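One structure is given below, encoded as structure tokens.
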Protein chains: 6
Amino acid sequence: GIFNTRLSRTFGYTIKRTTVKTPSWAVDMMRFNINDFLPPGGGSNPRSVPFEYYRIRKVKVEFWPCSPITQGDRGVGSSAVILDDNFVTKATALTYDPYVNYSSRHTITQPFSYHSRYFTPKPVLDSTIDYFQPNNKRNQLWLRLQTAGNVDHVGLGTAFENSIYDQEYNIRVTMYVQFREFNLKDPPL
Amino acid sequence: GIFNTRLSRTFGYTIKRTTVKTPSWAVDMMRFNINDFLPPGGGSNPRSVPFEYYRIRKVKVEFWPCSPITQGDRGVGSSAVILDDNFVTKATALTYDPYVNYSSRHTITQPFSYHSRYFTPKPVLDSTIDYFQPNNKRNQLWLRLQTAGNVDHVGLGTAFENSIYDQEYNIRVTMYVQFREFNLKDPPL
Amino acid sequence: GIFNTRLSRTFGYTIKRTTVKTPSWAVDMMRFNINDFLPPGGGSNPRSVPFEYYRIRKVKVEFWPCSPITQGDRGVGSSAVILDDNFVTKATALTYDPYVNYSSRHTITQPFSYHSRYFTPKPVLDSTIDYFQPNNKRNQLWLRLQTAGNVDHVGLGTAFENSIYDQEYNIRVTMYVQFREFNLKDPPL
Amino acid sequence: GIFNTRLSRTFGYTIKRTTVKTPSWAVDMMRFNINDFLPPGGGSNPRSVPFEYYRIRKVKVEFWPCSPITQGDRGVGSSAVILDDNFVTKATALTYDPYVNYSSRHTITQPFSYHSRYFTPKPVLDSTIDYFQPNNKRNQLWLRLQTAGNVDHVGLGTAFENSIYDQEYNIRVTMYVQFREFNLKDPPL
Amino acid sequence: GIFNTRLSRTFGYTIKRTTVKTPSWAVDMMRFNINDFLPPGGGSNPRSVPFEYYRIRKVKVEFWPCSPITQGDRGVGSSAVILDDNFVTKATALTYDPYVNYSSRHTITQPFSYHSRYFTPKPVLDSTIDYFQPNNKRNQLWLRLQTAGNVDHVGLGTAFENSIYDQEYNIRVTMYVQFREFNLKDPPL
Amino acid sequence: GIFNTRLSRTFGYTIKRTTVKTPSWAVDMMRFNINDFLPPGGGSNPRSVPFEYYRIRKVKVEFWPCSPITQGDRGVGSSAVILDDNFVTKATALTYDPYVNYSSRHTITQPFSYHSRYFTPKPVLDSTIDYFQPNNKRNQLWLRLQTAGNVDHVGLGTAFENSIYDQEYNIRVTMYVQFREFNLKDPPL
């Protein structure tokens, strides 16, 4: 019983100002979990979408700027796809862009420019070995939609060039999911 | 955002015994509401299936017998489709089968025989005028999936021939529904 | 169980004389109900036509004159189709023909001339909102054939030019109806 | 104004037990009249189906058993079509099956088996001469739908083999009729 | 007598500032009535457009910004189509975007960006049941153009992200309507 | 924004009796103005049909008789089309029919006979020069729909033969007009 749908979530991210003169970059990570998109249900149905299995097909991360088009001290960054839960260490002012030479690098124009990334994440099945599957719609694993313990999906790391002014963003993540085995429970009343 | 699925519900019905010698029939009615198939949800989602609109496409009423194949004093009844909320009055021992000459009559062999009816119900929009639409998949009205006040759908009336022995049934109603406008709400935690 | 038939009814209408010199018009309305065409039945069958549902397909209103061809002070009127239960107010001598500029106006030659109107009426489901369906034979609503409380159908308003002489008419309304679900009940005797 | 419909009626028949050891048969007759299927109407319409003429096209006699499938002392009988109102005399325990060598004989397995007969009856126009028409849909006579004096149609005789146990049946006769000349009368109220 | 035309109306909407630090959204609703687009007429014609019936085909809601392109603290919202008169409750600072996961969601870039929505509304025939028709130009109901009591059409709800600065908009609603039955009345003078 | 419609108006005309023995004719004129068909509106809309421009395409003048078919002293007259506002002088008993040799003459049988004239009028732009356009639907001038000062259109003159009895008529003029530039004004309330 397949049901392809779309789930979204919005949150903020700010790159604080720095008095440093050099071009330094701010590094951060981004994971994706389905608990943040799918709330708990009620009653005999533990989740709000009554299905048993799921598998995330795609994610769309949108960096919607919060800064005016008149803001100066512009910069240039990079967003890369990291499917293994080993990101570059979080840094405030690093002397280089680590994600620049990555094959999945897209340039981030800053601060007042929109940046989208559309990709297929991978689940963290074993963080010790960090193995994942290649892209195959027919062979992608089905995970279970747990009650409160779903596994973290992974796949984006960023590097933003710091500035004299604060750079704020409203980040909207949209997960395109595919469920299976409609499992609604209908007790009497 | 269409999602065709299937919702079921099971309950009992018994035709008590009678010392009456004549062939008399027991008349009863059967309505269908979505509250009995779809429970309430939890949190910001008032229902367990996160959709706004619905429309019932078909219903399958199954009379699963509870009686052995050796039971005697067998009989013959009738099930008809009544799309307007004006049934024949409920009777214990009526001297005739009212639903026999109906154009939608199917014979009910009793007591140990299975009886199915598969049809398209109609909602009770105005019980004073009792108007309904003909069968058209493209023009069927969309109703709202209310929180605790959904409207009763209608469409089956029965007439069972009484017997010296009690005739029990386990009735399984299956509604084939079609939802629209996925409306999941994901607050923080 | 479809059965298309034809039901008729005859009654009178008179436009009384007036000493008024000007050309004035007499306005009146015309509704259609099935109780006036279908009498009550007898016994377990509440109506004389043993069916459950109905829907009026067409109506033919015929103004058969009662006046001789030698009658003078002739005039000219208008008949229009009003499918919403908000007619021009009934008037005895109005200074104009209100139904003249209506898109459904047919000229009424008076007094000794025959006037027919053949159209599809609409039921009064909600007089507050006054909504109706367009003409579609496949999508027309089925109403219930009530026992003594059927809903009024609507669709004709007239304007007759007054005269020194009385103008009488014998009005024959013919409704072309379509029933469904033969529901005869046959108790013993 | 043709209207083909279907009228039904249900009643009981029992073959009482006998201590007789031999194989004996119980003979009985079965006539069909439209008064038992069509009740009287009400008011100016003397009958509940407002038509003038009728002619019976077919009849379906269904012997629905009342006995369990575990009942012993089973037997074998015969049902024949007798279109002339001269049946074999009614007998309780006759030493042979009279209807066995009839060209229209169908075997009746007893007691827990269903038996249907579908045929075209004939009216009793003159019981002295006992003449009837062959099967022709285009040339079949139209009779009048009388008020309380309709003519008996004929066409089935049976022979059931007696048993130590009582053999009960619920007999459902369905007549497929064809009416003509819709004659509804609509007085005022 | 069909006449397709276009009626417009302009009004303001402001999202007041908030000292709240979090990303919160301001929720509001939007209904459409024809009294706000069609004024009352004069004399025997109660309305300014001389027609009897109407049905709204489409509506175009245009959020024309009032804010400069240099305004900061930008945000991201959502507009959805709600055809049933049960909107998300009006809120000043809600901790999430309720209309984000709706199938009819369009992103609203704020504050200095234009947002259009073009859709087919539905009338509020019964607010208790909240039923509406699917999109069909041939089967869409005709309503009556009342004098001062027309029914509210429905179909848009919004969620705007709050900001430190006031976000003003000039909202221009354009209804594409279709009238019927030209009913001009021409008394003497 | 074109809108072709139809506007009507009804009024009386009488040819009084004369003791004169000779055949004399009564001459009269007939102009057409849109103020007599289109009333004033209300509010910011000065007219009841909310358009700016107009041009009259056709006019249908219908002489509906008021006299019985038994009336004697019958006669013969003439109706001609006069597109320039210079009619034959109005006369009570003229010794000849002036409009008889006109190329646009149609015979008027009197008194109990219907007479129609269907033609394209012309506006009175300059009564001193009296110039008009030939018939061309594509090149016909658009006039302005003034508030209370519209220009008179012209195009019919008549000659009725007098009689011993009074000859009354109910004259119904129907103008087929074409408007342009829908200009509805919708202030607040």
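Every residue, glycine as well, gets a Cβ built from its backbone with ideal geometry; the counts of neighbours run over all protein chains shown. Where a number appears in this text, it was derived from the coordinates with a stated rule and is not lab data.
With a sphere of radius 14 Å drawn around the Cβ of F:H106, what net charge do the other residues whose Cβ falls strictly inside it have (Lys, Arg +1; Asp, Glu -1)?
Residues close to F:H106 contribute a combined charge of +1.
If amide hydrogens are placed 1.01 Å from N in the peptide plane, which non-local residues have theirs closer than 5 Å to the one on F:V154?
It is F:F32, F:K122, by chain and number.
Can you compute 3J(HN,Hα) from phi for each residue in segment C:52-57, using the Karplus curve 6.51 cos²θ - 1.76 cosθ + 1.60 with θ = phi - 60°, rounded to whole Hz and x for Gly and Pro?
Going residue by residue, I get 8, 10, 7, 7, 7, 8 Hz, with x marking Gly and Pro.
Could you size up the charge dipole of segment F:27-73 around its Cα centre, putting +1 on the beta carbon of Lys and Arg and -1 on that of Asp and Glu, and report it in debye to the nearest 20?
320
Which cross-chain or sequence-distant (5 or more) residues have an amide H under 5 Å from the amide H of B:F132, H modelled 1.01 Å from N in plane?
Under 5 Å from the amide H of B:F132: C:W142.
Top mean-square fluctuation among E:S116, E:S127, E:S24, Gaussian network model of chain E, C-alpha springs under 10 Å?
Looking only at E:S116, E:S127, E:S24, the largest GNM fluctuation is found for E:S127.
Please compute the contact order of chain C in relative form: average sequence separation of alpha-carbon pairs under 8 Å and at least six residues apart, divided by the residue count, as a percent.
47 percent.
What are the principal axis extents of the Cα atoms in segment C:1-61, in Å, biggest first?
Largest first, segment C:1-61 extends 58, 24, 13 Å along its Cα principal axes.
With a cut-off of 8 Å between alpha carbons and a minimum separation of six or more residues, what is the relative contact order of segment F:96-189 in percent?
30
Put a point 7 Å out from Cα along the line to Cβ at D:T109; what are the distances to that point in the other copies, in nm, shortest first?
1.1, 7.7, 7.9, 8.6, 8.6
I'd like the Karplus ³J(HN,Hα) series for segment C:151-164: coefficients 6.51, -1.76, 1.60, θ = phi - 60°, whole numbers in Hz, and an x wherever there's a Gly or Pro.
8, 7, 8, 9, x, 8, x, 10, 8, 9, 7, 6, 8, 5
Would you mind checking the pairs A:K60/A:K185; C:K16/E:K185; E:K16/E:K60; C:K137/E:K122 and listing those with alpha carbons more than 27 angstrom apart?
Beyond 27 Å: A:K60/A:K185.
Please report, in Å, the Rg and the Dmax of segment C:27-85, where both are computed over Cα atoms only.
For segment C:27-85, the Cα-based Rg and Dmax read 17.9, 55 Å.
In the calculated pair distance distribution of segment F:62-120, what percentage of Cα-Cα distances lie above 20 Å?
34
Exposure proxy check: D:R180, D:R117, E:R105 ranked by fewest other beta carbons within 10 Å?
D:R180, D:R117, E:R105
For D:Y131 and B:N139, what is the calculated FRET efficiency with R₀ set at 56 Å and r taken between the beta-carbons, to the nearest 0.05?
That gives a FRET efficiency of 0.50.
log₁₀ I(q)/I(0) of segment D:72-189 at q = 0.09, 0.17 Å⁻¹, via Debye over equal Cα point scatterers, no solvent, to two decimals?
-0.37, -1.00
What does the extension gain come out to for A:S44 and A:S113, with contour length at 0.36 nm per residue minus their alpha carbon separation?
Contour length minus the Cα-Cα distance gives 20.3 nm.
Which whole-Hz ³J(HN,Hα) couplings does segment D:70-83 yield from phi under the Karplus relation 6.51 cos²θ - 1.76 cosθ + 1.60, θ = phi - 60°, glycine and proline marked x?
Listing the rounded values in order: 8, 6, x, 6, 5, x, 8, x, 8, 10, 10, 9, 10, 9 Hz.
What area, in nm² and to one decimal, does the C-alpha convex hull of segment E:124-179 cast on average over all directions?
Average projection, Cα convex hull of segment E:124-179: 6.7 nm².
Which net charge results when you count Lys and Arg as +1 and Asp and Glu as -1 among the other residues whose beta-carbon is under 10 Å from that of D:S24?
-1
If you bin every alpha carbon distance in the protein assembly as shown into 10 Å steps from zero, what whole percent lands in each bin?
Pair shares across the bins are 2, 8, 12, 14, 14, 13, 12, 11, 8, 5, 2, 0, 0.
Which whole-angstrom value gives the distance between the alpha carbon centres of segment D:37-84 and segment F:25-79?
For segment D:37-84 versus segment F:25-79, the Cα centre distance is 73 Å.
For segment A:1-153, what are Rg and Dmax over the alpha carbons, in angstrom?
18.3, 59
Taking the Cα centre of each part, how many Å lie between segment E:132-189 and segment A:117-132?
The two parts, judged by their Cα centres, are 51 Å apart.
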